[PDB]
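What follows is one chain in structure tokens, specifically the form deposited in one PDB entry.
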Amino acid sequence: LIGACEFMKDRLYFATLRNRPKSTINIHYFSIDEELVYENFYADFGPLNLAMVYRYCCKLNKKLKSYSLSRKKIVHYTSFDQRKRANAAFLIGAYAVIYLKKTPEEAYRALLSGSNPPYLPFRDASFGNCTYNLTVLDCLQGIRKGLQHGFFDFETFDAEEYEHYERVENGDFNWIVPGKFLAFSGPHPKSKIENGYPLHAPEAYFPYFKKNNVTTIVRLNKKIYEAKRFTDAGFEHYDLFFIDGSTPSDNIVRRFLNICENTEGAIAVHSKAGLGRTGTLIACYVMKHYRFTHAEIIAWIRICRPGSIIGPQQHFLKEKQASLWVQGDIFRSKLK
């Protein structure tokens, strides 16, 4: 275990190993590299999504409470594939934050505690270069912030539901802020199957939305269904179009924040994929109202909905952070 990162004195370690190790009477080894696998869009490779973080933490907690392993060092290993290794490092750092009560900085210090190469930064889903480098530390800080503001709770998290509704066959949506924001791909005019691709019409969503207090739909992409189909059914509906892969005007950001601040229910936000444009505007709201940094919210939203926030949208959020924070301080003063 030379070079291994120690997370619990004489008890839990994170190791990078070129070949499969053999568990012994003294050491239990396990890897998730082939069990929890990131589903990529293009050259993005992580971070692993929230349900995969949950499944890891469940796996590890059971090992640490197991009688058969109670006298053993438990070693989470990953390989020399740096894209597997960054996700594996993210997983055990996140466990450290959630269950071992370490700060993101402590968890990350542990990840550097061996003699190991740096961890590769995560990147976006674009076809070019990505110069917004989302690090493992950023992802651990996003986890801490989500925990801090109750955006997830692994005592109640329902991974079967998460894994059900993320699928295009079941509507392709994810909660980003419980009770407040759901992100999804844009409905089509008719529920059907076209070239083996399942398409959902607005009405398909009504039961879930009504049951979960979705009062408002915000569309950010080109119109291919009549807004009336939602408003008839009782939903508020709003159009704030901006071009795929671009950043929204001040006017669009202003309008989005007013729409969301003036409902007490949840807002279902969509674009074409529900990734770039949708993630960018939700990020603006969460930076203003919860004071996430740009790195924390890009991490948090991608953990909930991989592929979210692309290309220039990333540097946009960094550029707008300071003013969104100010606008939030003003907003909260004018309360009371």
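So that there is no doubt, residue numbering starts at 1 and follows the sequence shown.
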Quiz prompt | Stretch with the higher entry mean CA B-factor, where the candidates are 87-95 and 150-158 | solution = 150-158
Quiz item: For the C-alpha atoms alone, is the average B factor greater in 178-186 or in 121-129, going by the entry?
Solution: 178-186
Practice problem: Compare the CA B factors listed in the entry for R167, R109, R219, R254 and report the winner. | Solution: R109
Quiz prompt | Deposited CA B-factor, highest of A322, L317, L12, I25 | solution = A322
Quiz item: Based on the entry's values, in what third of the chain does the Cα temperature factor of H237 lie: lowest, middle or highest?
Solution: highest
Exercise. Going by the recorded CA B-factors, say which third of the chain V136 sits in, lowest, middle or highest.
Key: lowest
Exercise. Could you look up the Cα B-factor of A227 in the entry and say which third of the chain it sits in: lowest, middle or highest?
Key: highest
Self-check item: CA B-factor placement of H76, once the chain's modelled residues are sorted into thirds
Solution: lowest
Practice problem: Ordered by C-alpha B-factor within the chain, which third holds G265? Give me lowest, middle or highest, please. | Solution: highest
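There is also a form solved in complex with a partner chain; it is not shown, and the following applies to it.
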Quiz prompt | Among 94-102, 200-208, 146-154, 240-248, the region lying within 4.5 Å of the partner chain in the bound PDB entry by heavy atom distance | solution = 240-248
Practice problem: Look up in the bound PDB entry whether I310 has a non-hydrogen atom within 4.5 angstroms of the partner chain, and give yes or no. | Solution: yes
Quiz item: Do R302 and the partner chain share at least one heavy atom pair within 4.5 Å in the bound PDB entry?
Solution: no
Practice problem: Mark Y38 yes when one of its heavy atoms lies within 4.5 Å of a heavy atom of the partner chain in the bound PDB entry, and no otherwise. | Solution: no
Self-check item: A51 within 4.5 Å of the partner chain in the bound PDB entry, heavy atoms
Solution: no
Self-check item: Sole residue of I32, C284, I267, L275 within 4.5 Å of the partner chain in the bound PDB entry, by heavy atom
Solution: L275
